[PDB]
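Values in this text are rule-based calculations from the coordinates and carry no lab data. No Cβ is skipped: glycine too gets one built from the backbone with ideal geometry, and neighbour counts run over all protein chains shown.
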Amino acid sequence: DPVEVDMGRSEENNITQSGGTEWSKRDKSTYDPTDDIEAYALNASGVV
Amino acid sequence: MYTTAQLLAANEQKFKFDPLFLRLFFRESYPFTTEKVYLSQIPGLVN
Amino acid sequence: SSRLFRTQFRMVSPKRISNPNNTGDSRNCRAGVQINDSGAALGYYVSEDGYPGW
Amino acid sequence: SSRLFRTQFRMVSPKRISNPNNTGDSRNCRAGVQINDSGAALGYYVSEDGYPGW
């Protein structure tokens with residue numbers, strides 16, 4: 001039978017890039033992904 | 001009634017909190033034995 | 001290990017030893033002193049030097 | 001090198017010992033007496049004579 005395992009992962013830890021800023025909607029030369037990775041790591045509840 | 005569950009370690013869910021202000025700029029501290037306090041700021045401009 | 005003797009002393013004021021968080025006093029816990037059933041002292045809850053009191 | 005001993009002594013008034021720039025008291029810098037965590041004195045912020053007051 002199907003058995004469910006839900007760790008309780010809050011959904012904001014499962015970010016999708018959908019919108020107008022996925023990764024390719026920015027120039028490779030100009031943009032810096034450091035801001036995005038910092039924003040993602042903001043809500044982590046622990047040192048990454 | 002007869003499940004006999006076994007408990008593992010639970011989380012703690014700490015809070016991201018580091019002052020930097022009550023440890024950087026506010027090194028000084030005082031009590032109040034009076035109802036109010038006074039602050040003096042005297043400008044010095046000599047001619 | 002610079003000295004041949006590793007023993008050093010430190011005085012403790014009576015105010016420095018008290019019940020943590022100024023809580024109540026149970027049978028085994030009285031004023032920051034943990035004792036057995038018969039009353040023999042076992043452990044102490046010494047408060048750190050709170051000077052200045054901030 | 002005029003003497004076999006180059007060691008001298010100077011007494012200091014407590015009025016010459018205080019927090020630099022009249023700064024407030026802290027956990028370790030108390031009355032210009034920088035101390036360790038254990039409380040043992042480590043350094044002193046000595047100030048010269050205030051007289052003459054220029």
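Observations on the model:
- Cross-chain or 6+ apart pairs with Cβ under 7 Å, the stretch B:17-32 first and under 30 Å from A:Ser45 (Cβ atoms), then assigned to a loop (DSSP other than H, G, I, E, B) and among the basic types (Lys, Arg): none
- Evaluated against (1) within 16 Å of the chain's Cα centre (by Cα); (2) surrounded by 10 or more Cβ atoms within 10 Å (Cβ to Cβ); (3) farther than 27 Å from B:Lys16 by Cβ, A:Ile15 falls short on exactly one condition, (3).
- Within the stretch D:1-27, restricting attention to residues that are among the charged types (D, E, K, R) and farther than 20 Å from C:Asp49 by Cβ, the residue that is farthest from the other protein chains (Cβ to nearest Cβ) is D:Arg3.
- Within the stretch C:28-54, the residues that satisfy the criterion of being among the charged types (D, E, K, R) and away from every other protein chain (no Cβ under 14 Å) are C:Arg30, C:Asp37.
- Residues (loosely packed, with under 10 Cβ neighbours inside 10 Å, within 13 Å of another protein chain (Cβ to nearest Cβ) and charged (D, E, K, R)) located in the stretch B:1-40: B:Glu12, B:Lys14, B:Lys16, B:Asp18, B:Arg23
- Selection within the stretch D:7-27 - touching a strand residue (DSSP E or B) at 6+ places or on another chain (Cβ under 9 Å) and exposed (fewer than 13 other Cβ atoms within 10 Å of the Cβ): D:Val12, D:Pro20
- Test: residue in the stretch D:21-28 that is β-branched (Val, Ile, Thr) and either touching a helix residue (DSSP H, G or I) at 6+ places or on another chain (Cβ under 7 Å) or part of a strand (DSSP E or B) (or both): no
- Listed conditions (1) surrounded by 11 or more Cβ atoms within 10 Å (Cβ to Cβ); (2) more than 11 Å from the chain's Cα centre (by Cα); (3) of a type in the set (A, V, I, L, M, F, W, C) are all met by C:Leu4, apart from (1).
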